[PDB]
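Number of protein chains: 4
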Amino acid sequence: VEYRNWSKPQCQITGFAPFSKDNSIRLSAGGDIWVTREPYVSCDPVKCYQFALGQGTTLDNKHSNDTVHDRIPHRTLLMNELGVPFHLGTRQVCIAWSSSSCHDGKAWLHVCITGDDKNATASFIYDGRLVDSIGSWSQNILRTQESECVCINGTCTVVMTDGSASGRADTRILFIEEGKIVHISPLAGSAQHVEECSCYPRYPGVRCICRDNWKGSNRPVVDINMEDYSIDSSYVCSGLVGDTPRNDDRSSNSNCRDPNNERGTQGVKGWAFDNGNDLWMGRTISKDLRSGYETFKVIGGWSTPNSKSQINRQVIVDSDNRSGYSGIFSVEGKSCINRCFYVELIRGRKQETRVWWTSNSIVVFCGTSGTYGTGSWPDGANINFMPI
Amino acid sequence: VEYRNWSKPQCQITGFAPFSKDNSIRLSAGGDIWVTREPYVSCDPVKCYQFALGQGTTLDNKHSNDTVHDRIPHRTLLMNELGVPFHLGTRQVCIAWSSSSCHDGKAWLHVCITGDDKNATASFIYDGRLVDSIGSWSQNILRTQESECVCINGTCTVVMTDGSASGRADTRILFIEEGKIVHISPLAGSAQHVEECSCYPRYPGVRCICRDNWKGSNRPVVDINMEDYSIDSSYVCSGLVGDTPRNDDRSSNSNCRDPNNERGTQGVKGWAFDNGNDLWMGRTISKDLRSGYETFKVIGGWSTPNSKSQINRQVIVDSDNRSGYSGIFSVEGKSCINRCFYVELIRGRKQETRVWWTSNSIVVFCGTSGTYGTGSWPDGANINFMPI
Amino acid sequence: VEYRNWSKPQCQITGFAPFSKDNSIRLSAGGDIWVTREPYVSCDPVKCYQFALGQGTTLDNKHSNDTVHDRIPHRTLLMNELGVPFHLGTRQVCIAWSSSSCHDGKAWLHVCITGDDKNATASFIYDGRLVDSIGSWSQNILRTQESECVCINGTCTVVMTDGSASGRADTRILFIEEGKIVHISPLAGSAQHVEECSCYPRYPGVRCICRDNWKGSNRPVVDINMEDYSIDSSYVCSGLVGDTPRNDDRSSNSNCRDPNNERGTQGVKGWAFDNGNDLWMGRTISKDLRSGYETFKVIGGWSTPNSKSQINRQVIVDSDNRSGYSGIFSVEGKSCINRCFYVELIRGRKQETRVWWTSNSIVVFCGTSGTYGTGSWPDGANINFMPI
Amino acid sequence: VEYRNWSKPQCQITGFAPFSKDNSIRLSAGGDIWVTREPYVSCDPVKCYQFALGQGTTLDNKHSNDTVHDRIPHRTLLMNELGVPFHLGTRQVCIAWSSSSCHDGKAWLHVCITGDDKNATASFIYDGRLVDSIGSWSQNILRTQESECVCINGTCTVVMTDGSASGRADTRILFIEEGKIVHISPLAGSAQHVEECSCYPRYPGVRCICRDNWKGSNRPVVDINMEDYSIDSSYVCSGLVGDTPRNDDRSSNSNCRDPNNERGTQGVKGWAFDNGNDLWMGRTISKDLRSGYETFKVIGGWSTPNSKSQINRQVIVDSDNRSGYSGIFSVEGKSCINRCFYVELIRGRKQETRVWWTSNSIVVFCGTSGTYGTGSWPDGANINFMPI
Ligand SMILES: *[C@@H]1O[C@H](CO[C@H]2O[C@@H](C)[C@@H](O)[C@@H](O)[C@@H]2O)[C@@H](O[C@@H]2O[C@H](CO)[C@@H](O[C@@H]3O[C@H](CO)[C@@H](O)[C@H](O)[C@@H]3O)[C@H](O)[C@H]2NC(C)=O)[C@H](O)[C@H]1NC(C)=O
Ligand SMILES: *[C@@H]1O[C@H](CO[C@H]2O[C@@H](C)[C@@H](O)[C@@H](O)[C@@H]2O)[C@@H](O[C@@H]2O[C@H](CO)[C@@H](O[C@@H]3O[C@H](CO)[C@@H](O)[C@H](O)[C@@H]3O)[C@H](O)[C@H]2NC(C)=O)[C@H](O)[C@H]1NC(C)=O
Ligand SMILES: *[C@@H]1O[C@H](CO[C@H]2O[C@@H](C)[C@@H](O)[C@@H](O)[C@@H]2O)[C@@H](O[C@@H]2O[C@H](CO)[C@@H](O[C@@H]3O[C@H](CO)[C@@H](O)[C@H](O)[C@@H]3O)[C@H](O)[C@H]2NC(C)=O)[C@H](O)[C@H]1NC(C)=O
Ligand SMILES: *[C@@H]1O[C@H](CO[C@H]2O[C@@H](C)[C@@H](O)[C@@H](O)[C@@H]2O)[C@@H](O[C@@H]2O[C@H](CO)[C@@H](O[C@@H]3O[C@H](CO)[C@@H](O)[C@H](O)[C@@H]3O)[C@H](O)[C@H]2NC(C)=O)[C@H](O)[C@H]1NC(C)=O
Ligand SMILES: *[C@@H]1O[C@H](CO)[C@@H](O[C@@H]2O[C@H](CO)[C@@H](O)[C@H](O)[C@H]2NC(C)=O)[C@H](O)[C@H]1NC(C)=O
Ligand SMILES: *[C@@H]1O[C@H](CO)[C@@H](O[C@@H]2O[C@H](CO)[C@@H](O)[C@H](O)[C@H]2NC(C)=O)[C@H](O)[C@H]1NC(C)=O
Ligand SMILES: *[C@@H]1O[C@H](CO)[C@@H](O[C@@H]2O[C@H](CO)[C@@H](O)[C@H](O)[C@H]2NC(C)=O)[C@H](O)[C@H]1NC(C)=O
Ligand SMILES: *[C@@H]1O[C@H](CO)[C@@H](O[C@@H]2O[C@H](CO)[C@@H](O)[C@H](O)[C@H]2NC(C)=O)[C@H](O)[C@H]1NC(C)=O
Ligand SMILES: *[C@@H]1O[C@H](CO)[C@@H](O[C@@H]2O[C@H](CO)[C@@H](O)[C@H](O)[C@H]2NC(C)=O)[C@H](O)[C@H]1NC(C)=O
Ligand SMILES: *[C@@H]1O[C@H](CO)[C@@H](O[C@@H]2O[C@H](CO)[C@@H](O)[C@H](O)[C@H]2NC(C)=O)[C@H](O)[C@H]1NC(C)=O
Ligand SMILES: *[C@@H]1O[C@H](CO)[C@@H](O[C@@H]2O[C@H](CO)[C@@H](O)[C@H](O)[C@H]2NC(C)=O)[C@H](O)[C@H]1NC(C)=O
Ligand SMILES: *[C@@H]1O[C@H](CO)[C@@H](O[C@@H]2O[C@H](CO)[C@@H](O)[C@H](O)[C@H]2NC(C)=O)[C@H](O)[C@H]1NC(C)=O
Ligand SMILES: CC(=O)Nc1ccc(C(=O)O)cc1NC(=O)C[NH3+]
Ligand SMILES: CC(=O)Nc1ccc(C(=O)O)cc1NC(=O)C[NH3+]
Ligand SMILES: CC(=O)Nc1ccc(C(=O)O)cc1NC(=O)C[NH3+]
Ligand SMILES: CC(=O)Nc1ccc(C(=O)O)cc1NC(=O)C[NH3+]
Ligand SMILES: [Ca+2]
Ligand SMILES: [Ca+2]
Ligand SMILES: [Ca+2]
Ligand SMILES: [Ca+2]
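Top to bottom, those sequences are chains A, B, A' and B'. A prime marks a further copy of an entry chain.
Going by the entry's author numbering, the first residue of the first sequence is number 82, and it counts up by one from there.
Going by the entry's author numbering, the first residue of the second sequence is number 82, and it counts up by one from there.
Going by the entry's author numbering, the first residue of the third sequence is number 82, and it counts up by one from there.
Going by the entry's author numbering, the first residue of the fourth sequence is number 82, and it counts up by one from there.
Right, here's the structure in full:
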């Protein structure tokens, strides 16, 4: 077993082909399936596994009541193979409410976070044993990537933030190799609030399209240099730019430099990636809520400030449907490394009222160089059918 | 791991011995088991796995209502080992309503199809990652083999059709090696409507006994040359010839050349195979419906037009029982490659009315050179016992 | 992987130590667990697996009604590891109502029998594929060992009988190597009715303590020579001799030669083994029914006709409890090959009336050279608790 | 595969980081999960597995009624990977009410105990087969470690006691290598009643912090020499000393030599470990009951009699919550061997009355050299939600 490093050109994609779905909510109406949220997937050198943060209970349990709450001690990192849902025999990889996982080539890595909001502990597990841990550095809800981290040449990198969500915070990028932290570096560059980074490998470094939860609808970029521990911020030029809440497409701005101050506050985890001066990107269909999902390439979306010219769009989830979080995950090809993405479709309480629980299901597509068609692959759970 | 190529003489069989059954419907009355249809099996160099197209739900679910519909986004390729039914921990290999799977020796291949009837995408997955994809080429429900494809010397071949079911259509045979499409060839020869091909390897090529859904009760043959990408049609000489609806055994014709124009329209996926001038073949017992199943060798059924002389018959499912789809699957012996076959036994709605769902179970036999006996191995689900 | 041959001295045992139990019935009252009967276990070079003949249904199913019947098409060979019960994800190894399984060293072997009582087929599966098959030879319920077969030097041997249960029958001993039958030999020696043989390896041959279901309470012996295909009968000298029904211990006879004609008819599968002139043996506690179980060595029980002198007894199941079938299974030690045994504890219909199903659970002990204590490890299912 | 021996310096810890939890009780309210108690975990060279003594039944079973009883024949050693709970497909490793398991490097070892209180049998299983067994030596409930045993250089060691709980007893330390007992040695030194030893490897020997159930609140030490078979007793100097019932922290004594005679009788399995003259140790928060849990290092707690000076405390379970048994388990690092610990959280009958069953769940932390935070990770099962 050699170490991962990703020195292959990114695959020239043409859109996204259908790749997987797990129907968690439908099956939850007839079967013992876990209550989760905040999902993600990450492929080890051999196969893709699907993660999520389960709430120490199953859906048709009485314990499902009030799962809208994000943090509880009885929360853990569920992990199965991609395709197989989170049933009663799923292992619980660690105690956690915030997470991230990667695979350096040799073995896994799971940064699991539990504890109180004021003082928390992030445990670093690698190869199955616990190797290190870190304390909160600002006493306000220490959180992490919420998706797959990336390891180049034996060294994994996960960005982490602790401070206030809608107010400035303290973010740093830890370089943790073999489960052991061998460096920490704070944020540098023009970004105002970095939360929930979707990070992909781009030789010889790492890139992150994150979540400004305080000042902007535009998305912060974070650039990590694995050979130097140097950090850099920016923003996505895309005039089309998409977080949620969002302003409007003809009234949205971005200069690639600083928050657009357009409904900035609040948001959702998202993703995007470059191709020269072009930017492939996902977004919910709506500016106001997390309903439906759409992908498209924005011409000059990576190098020209405020470019709002799009080519190649695909509806992933129909506008009359729910979505939520989402992140990108990349996988090595035998020639180039492709980039795929997952999309969490949340059902239940707060939005939906018949029921008192909150859980999600997933869908996932992958970049293709070939031709494709059309559709809308959503949840499919009649709320009147579902228990509670 | 070397590549498959199948350069062994086909085993001289004498009938079919009992091999497997999975009791899916019975167990569905007491346990969380998936709703499926369109099953099939395919043996990797080591063991046989059983596939099916599950409808994003379990049987004793409220989501089971109205599963007679063939296509929905919440449809996926379930896959377990042969014998173990599709329970709540079965992985969902991909999103799909139409499918096919093979194993080139090194790894698997799954051509999964989803999307709209007017524009669909067939995703090609190999070794776990997504390698290519293809768009619909005629805007009318792009479909595929519905059983195992065959790979000789590193190159897999799946025939595919898109166009109208009862009217002519556009069929081609794609040669897709390593998940990557490296050729496409359209249909050639005398066949009028090729759907649902049961294809087996016959060195140094591939043969397919399919489904003429528009003009004939006789079954179309398709011949693929792996070394040339050349195609050829014919029809099965068997005067006995069997699709469904079928005309009558004393009133059925076939000239090995073109549709018999005897109740031609509509049909069902089926199978058959040669042995010199002889043809071993399965068929439902009835001309009108898919009830019961029978196998037998037709003397001169492969080389003499309209031969209706049969030797060696076996009742697989009693005439007072249900059947449906069926396909052949072959497996290499340590001397010759045998040919086995599966039979889908569908229960539920449309035919059966007490319940509102549609699902199947399976049985499967294998060619033998030894002696055998008698029986009728069907479903076994008292509809009055079953939920809904 | 080399072939098994067993050229090690049998371990000098001193009684039986506790080894495993699977609580199938208790767990069946709260969980989806299979309905079975006729269990057995067999250790592959690495670990012990537990088999049984499940009735195509789960216990808290409505299909469980009337499972007292021994034969149905919807019957299969369930197989899990020893300890893990037969839950909804257990694979069904083949279609069968009568069975046997062994492991030649390289891979498994399962002689599975289905079909009609008048004409049946015994399918021979090895290494996962189907290699051969055999037809009934007398038109009256073709049956086999019902426990593990034994393979010495690449050649497996399973004894088989077809004919009437309580009247004479046609028994032969087939030598089936690599799934392929390479010889058959009929019965020889003094035995009158051989059914359900418990066969263990005794270099350089095989020995079987069976079930005379027509003329005797004494148990028939069967001796197979792997190097010659020669057969030999006898009977167990033990005056203590135990089948069921049995006569009485002070009124029981055996001359090691022919049926004692003492309640002879009917019986149950059982086991025993030699040690010089001594015979270790299991038996139900009662002469009339299958209730409780006891083991003990009978001094001179192997070489002296009618010896009824016992030393070293152990109650395995209390007299106020149920038992049933049982067989011996041996396992290689790093110095000598030990001999263990399983005991089927049947509950439900015929005997018990509250419920309408029939199923069993198991317990299993193993020979020890060390010291031991005392107990009674039975089922534990309150019939008033159980469903139906 | 080489043998374990543990010749690495113990890792200098700084407290305990969060490592795992399995939410068994919550999930038991919606799903088929086992009833257990007396849990523990033990890491094989590759991954950690979690053990427990299940009561031959599931929680929402009617058989769960009256599981407060410690011993029944229908009791077995459940074993899954750490994280995955004990669901219906968990294997039952052996019949047992008292247990211990270790891994010599090559394979496992399970000392399983069943039988009557007056005469019992402890079966020794290694590599899957049964190798030896031992009889009770005093006719009064033969018991063992109840946690992981330790094997240095091919030889495993489990301490064992048989005699009266609250009165003196007969304890010895058996050295059982390859499943075979190759020595036994009785207790030596100053200890009065040794029960439930938590034993960790400390090159080149083994150390055990046990349970004086008759004369003291202080905890007995047991020292085993693997190269000599020599034993030695002591007591923990910690004035803070903690068993339950306990006296009071300002009124508790210990001289490292003999029982403090302070509420001595009764107790609970516990743990502790040295670091020079310092002693890291767990304890329930309360002197009277098993509620809540706390860890801390006691300055001079290993070498100075009656030292009650503590530094570095952590609340693991809040004082308003339940705990119970607990043991230490160590795992090798790539530089030093760390020490972790598990904590059983029992719910149900005796204490809790709404329900009639008794079962536990678990939490588990691991030593860290890094920084940490704060919390209380308990069960989380609303007793009003739970069945029965
Ligand atoms: C789900 O929970 C809600 C409130 O959330 C918490 O409730 C706790 C106790 C627990 O479930 C935990 O999981 C959640 O964090 C329950 O809502 C209350 O239900 C009663 C039902 O009667 C409402 O009506 C009034 O209640 C009293 C008893 O409380 C009755 O005498 C009368 O009916 C009275 O009219 C009450 O106003 C509800 N409160 C809120 C804030 O909505 C809910 O019942 C539960 N539901 C389900 C389906 O599981
Ligand atoms: C299964 O579904 C049928 C119709 O199929 C769809 O129904 C939707 C809503 C959903 O289940 C989806 O899965 C299917 O695609 C249901 O049939 C209708 O049921 C009512 C029951 O009352 C019939 O009677 C009349 O209905 C109204 C309410 O609709 C009542 O006030 C009166 O009883 C009235 O007489 C109605 O005519 C049915 N329609 C059809 C086309 O048959 C069915 O109930 C459902 N069944 C089960 C057992 O799951
Ligand atoms: C289990 O089955 C028995 C008989 O065995 C078969 O039954 C079939 C239909 C199916 O279950 C299959 O699995 C078995 O091979 C059932 O017994 C009969 O039950 C009725 C119940 O009412 C008895 O009473 C009389 O029956 C009629 C309807 O049949 C009613 O109007 C009246 O109550 C009437 O008094 C009948 O005499 C029973 N027959 C026998 C031979 O015992 C049984 O009900 C079923 N039980 C359970 C708990 O699953
Ligand atoms: C759980 O068990 C208790 C007692 O424990 C044992 O019970 C056996 C039979 C079995 O469950 C085994 O698992 C346990 O070791 C049951 O308690 C008794 O229940 C009755 C219920 O009615 C109480 O009231 C009186 O009982 C008679 C019938 O026994 C009725 O006519 C009247 O109601 C009468 O007032 C009785 O006093 C209880 N005994 C004790 C010692 O508490 C319990 O019912 C059962 N419960 C559950 C929820 O599973
Ligand atoms: C990235 O990893 C691969 C794995 O070794 C390194 O390149 C391969 O390594 C050898 C020789 O370099 C052979 O496996 C192939 O020639 C290389 N590629 C592949 C796909 O096999 C590569 O050197 C590493 N990257 C860097 C920048 O050092
Ligand atoms: C990943 O590994 C390669 C493999 O060694 C690194 O490339 C080497 O760089 C060092 C000095 O920095 C040289 O000694 C080697 O000769 C270079 N390459 C190879 C293929 O040998 C590369 O820097 C690493 N990547 C990162 C991001 O640190
Ligand atoms: C089909 O595959 C086999 C796998 O290699 C090729 O034949 C075997 O290969 C070698 C030498 O040819 C040995 O494994 C045996 O002599 C061959 N057969 C078997 C069953 O082992 C074979 O050459 C391939 N077919 C063709 C037409 O090239
Ligand atoms: C499968 O592989 C064999 C193995 O090479 C092919 O047979 C060879 O054909 C080429 C030229 O076509 C020759 O160079 C080889 O010498 C031939 N055989 C062998 C055993 O070496 C065969 O064509 C392939 N089958 C198909 C259907 O393409
Ligand atoms: C039975 O099988 C074993 C497996 O090979 C044969 O004996 C072993 O084989 C070699 C050399 O004979 C070594 O593995 C050991 O010396 C033998 N025993 C063991 C336990 O390892 C043995 O020869 C076979 N029996 C006969 C009768 O030929
Ligand atoms: C099991 O195998 C051994 C291993 O060969 C057999 O013993 C050999 O017998 C042949 C002639 O019968 C000789 O050529 C060998 O030299 C003998 N033994 C060995 C260890 O080489 C033995 O017969 C076989 N057992 C059975 C029951 O057939
Ligand atoms: C404990 O086990 C290890 C496993 O072999 C022994 O030390 C290692 O063994 C070799 C040479 O000694 C190499 O694997 C490393 O140098 C050693 N340590 C490790 C972590 O790999 C060691 O000798 C054994 N202990 C004793 C006391 O003999
Ligand atoms: C564990 O194993 C080592 C490895 O051999 C033991 O150390 C050896 O002791 C013997 C004599 O007692 C010497 O022959 C070796 O040369 C010593 N060490 C090594 C690394 O070779 C050690 O005693 C064993 N541990 C225990 C607790 O018994
Ligand atoms: C730790 C935690 O609660 N994470 C969240 C989960 C969901 C969630 C959400 O959007 O529902 C918000 C959360 N907060 C953040 O991630 C802050 N960036
Ligand atoms: C895509 C799709 O719906 N496939 C079918 C499934 C079943 C089905 C059937 O016969 O029930 C028919 C289908 N149509 C075709 O296969 C056309 N050849
Ligand atoms: C084929 C079949 O029915 N086997 C039996 C099962 C159980 C059974 C029994 O004893 O319940 C009897 C059977 N008959 C035989 O084995 C004849 N020796
Ligand atoms: C064999 C057995 O019953 N073990 C116990 C389990 C639990 C238990 C307890 O504390 O609930 C006590 C037991 N007795 C002992 O361990 C004596 N040290
Ligand atoms: Ca925002
Ligand atoms: Ca037709
Ligand atoms: Ca008899
Ligand atoms: Ca005490």
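Beta carbons: idealized from backbone N, C-alpha and C, even for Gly.
| Asked | Found |
| --- | --- |
| Would you check whether ligand 13 has a heavy atom nearer than 7 Å to the C-beta of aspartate 151 (chain A)? | yes |
| Counting only Cβ-Cβ distances shorter than 9 Å, please list the residues of the segment 161-179 of chain B' near chain A', keeping chain order. | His168, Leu169, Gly170, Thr171, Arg172, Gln173, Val174, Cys175, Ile176 and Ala177 |
| What is the DSSP secondary structure of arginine 430 (chain B), counted as helix, strand or coil? | coil |
| Just mark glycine 382 (chain A') as buried or exposed, buried being the case when its beta carbon has 16 or more other beta carbons within 10 Å. | buried |
| Report all residues from its chain with a CB closer than 7 Å to the CB of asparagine 306 (chain B'); omit the five preceding and five following residues, and keep chain order. | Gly286 |
| Identify the continuous beta strand (DSSP E) that holds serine 271 (chain A') and give its terminal residues. | Segment: none, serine 271 (chain A') is in no beta strand (DSSP E) and carries neither H nor E. |
| Identify whether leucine 159 (chain B') lies in helix, strand or coil by the three-state DSSP scheme. | strand |
| For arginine 253 (chain A'), does the three-state DSSP call read helix, strand or coil? | strand |
| Hey, could you find the ends of the alpha helix (DSSP H) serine 204 (chain A') is sitting in? | No alpha helix (DSSP H) holds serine 204 (chain A'); the beta strand (DSSP E) holding it covers 201-207. |
| Counting Cβ pairs, one atom from each stretch, are 3 or more of them under 8 Å apart for the segment 226-244 of chain B' and the segment 279-298 of chain B'? | yes |
| With a cut-off of 8 Å, does the C-beta of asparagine 387 (chain A') fall near any C-beta of chain B? | no |
| Expressed to the nearest angstrom, what Euclidean distance is found between the alpha-carbon atoms of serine 279 (chain A) and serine 411 (chain A)? | 11 Å |
| Here's the rule I'm using: 16 or more other beta-carbon atoms within 10 Å means buried, otherwise exposed. How should residue 81 (chain B) be labelled? | Here chain B has residues from 82 to 469 only, and residue 81 (chain B) is not among them. |
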